[PDB]
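Notes follow once the structure below has been shown.
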Amino acid sequence: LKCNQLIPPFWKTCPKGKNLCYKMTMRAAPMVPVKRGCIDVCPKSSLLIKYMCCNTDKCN
Amino acid sequence: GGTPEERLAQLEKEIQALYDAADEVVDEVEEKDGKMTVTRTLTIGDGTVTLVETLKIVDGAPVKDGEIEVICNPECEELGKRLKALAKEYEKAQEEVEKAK
Numbered sequence: 101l102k103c104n105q106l107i108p109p110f111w112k113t114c115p116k117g118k119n120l121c122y123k124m125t126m127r128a129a130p131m132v133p134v135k136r137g138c139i140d141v142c143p144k145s146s147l148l149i150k151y152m153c154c155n156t157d158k159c160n
Numbered sequence: 003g004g005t006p007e008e009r010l011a012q013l014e015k016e017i018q019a020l021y022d023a024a025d026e027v028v029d030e031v032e033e034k035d036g037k038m039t040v041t042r043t044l045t046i047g048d049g050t051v052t053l054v055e056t057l058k059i060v061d062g063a064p065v066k067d068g069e070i071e072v073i074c075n076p077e078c079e080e081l082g083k084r085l086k087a088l089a090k091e092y093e094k095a096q097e098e099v100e101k102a103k
């Protein structure tokens, strides 16, 4: 699995145990990533933060 | 309520409606030494609401570090009580949808 990093255009081949890509944004700005990369479990969204997770190459 | 997916969509609607009723919304993201601070300031009439979520960056990924803080110049004790209850209810709704899938 390859996930896009916070700094484009770089990606990261995820290590064993991280089978998901994720992008972290503020609830009002879906086009401004705050965190972005590989992750093990999808974080639950909150009142201020939205998390988007996916499991294909460069999907986040 | 209806299905877990419908109950989650209703909570999403209540969260969005809170920020739509705000006159202005200003966000700030600060990070220092694995500590990340997410601040959203709502202008509502003459007063202000400050929402602060803190996270610890473990293994480059964000992890929840405590409940959300609601600070106001008046007394958002009741509003913060509803917002802190809405946050916890919004988390269980996602849990139930994820356990179903």
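From first to last, the protein sequence lines stand for chains B and A. Heads up: take any position in the first sequence, counting from 1, add 100, and you land on the deposited numbering. Heads up: take any position in the second sequence, counting from 1, add 2, and you land on the deposited numbering. Virtual Cβ for every residue (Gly too), placed ideally from N, Cα, C.
DSSP three-state assignment for residue i, whether helix, strand or coil
{"i": "A:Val99", "result": "helix"}
{"i": "A:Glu93", "result": "helix"}
{"i": "A:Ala11", "result": "helix"}
{"i": "A:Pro64", "result": "strand"}
{"i": "A:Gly49", "result": "strand"}
{"i": "B:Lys118", "result": "coil"}
{"i": "A:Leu88", "result": "helix"}
{"i": "A:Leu81", "result": "helix"}
{"i": "A:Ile17", "result": "helix"}
Start-to-end residues for the beta strand (DSSP E) that takes in residue i
{"i": "A:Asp29", "result": "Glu26 to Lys34"}
{"i": "B:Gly137", "result": "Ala129 to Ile139"}
{"i": "A:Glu71", "result": "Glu71 to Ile73"}
{"i": "B:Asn104", "result": "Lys102 to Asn104"}
{"i": "B:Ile149", "result": "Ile149 to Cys154"}
{"i": "A:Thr5", "result": "Run containing A:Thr5: none; DSSP gives neither H nor E here."}
{"i": "B:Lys112", "result": "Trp111 to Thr113"}
Interface partners of residue i on chain B, CB under 8 Å
{"i": "A:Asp22", "result": "Within chain B, no residue comes near A:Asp22; the closest Cβ sits about 10 Å away, beyond 8 Å."}
{"i": "A:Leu13", "result": "Result: empty, since nearest Cβ-Cβ is about 10 Å, beyond 8 Å."}
{"i": "A:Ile17", "result": "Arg127 and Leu147"}
Nearest-angstrom Cβ-Cβ length linking residue i and residue j, presumed shorter than 8 Å
{"i": "A:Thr56", "j": "A:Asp67", "result": "5 Å"}
{"i": "A:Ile70", "j": "A:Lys86", "result": "6 Å"}
{"i": "B:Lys150", "j": "B:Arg136", "result": "Contact doesn't hold; Cβ gap of about 13 Å is too wide."}
{"i": "A:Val99", "j": "A:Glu16", "result": "16 Å between Cβ atoms; not a contact."}
{"i": "B:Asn119", "j": "B:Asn155", "result": "6 Å"}
{"i": "B:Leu147", "j": "A:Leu53", "result": "6 Å"}
9 Å Cβ cut-off: residues of chain B touching residue i
{"i": "A:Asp29", "result": "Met126, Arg127, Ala128, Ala129 and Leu148"}
{"i": "A:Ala87", "result": "Result: empty, since nearest Cβ-Cβ is about 11 Å, beyond 9 Å."}
{"i": "A:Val40", "result": "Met126, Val134, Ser146, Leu148 and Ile149"}
{"i": "A:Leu53", "result": "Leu147 and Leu148"}
Chain-ordered neighbours of residue i on chain A, where CB pairs are closer than 8 Å
{"i": "B:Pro143", "result": "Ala63, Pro64, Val65 and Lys66"}
Chain-ordered chain A contacts of residue i [CB-CB under 7 Å]
{"i": "B:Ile139", "result": "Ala63"}
Residue i CB to nearest heavy atom of the ligand SAH below 7 Å
{"i": "A:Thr41", "result": "Absent from the structure shown: the ligand SAH. Ligands present: none."}
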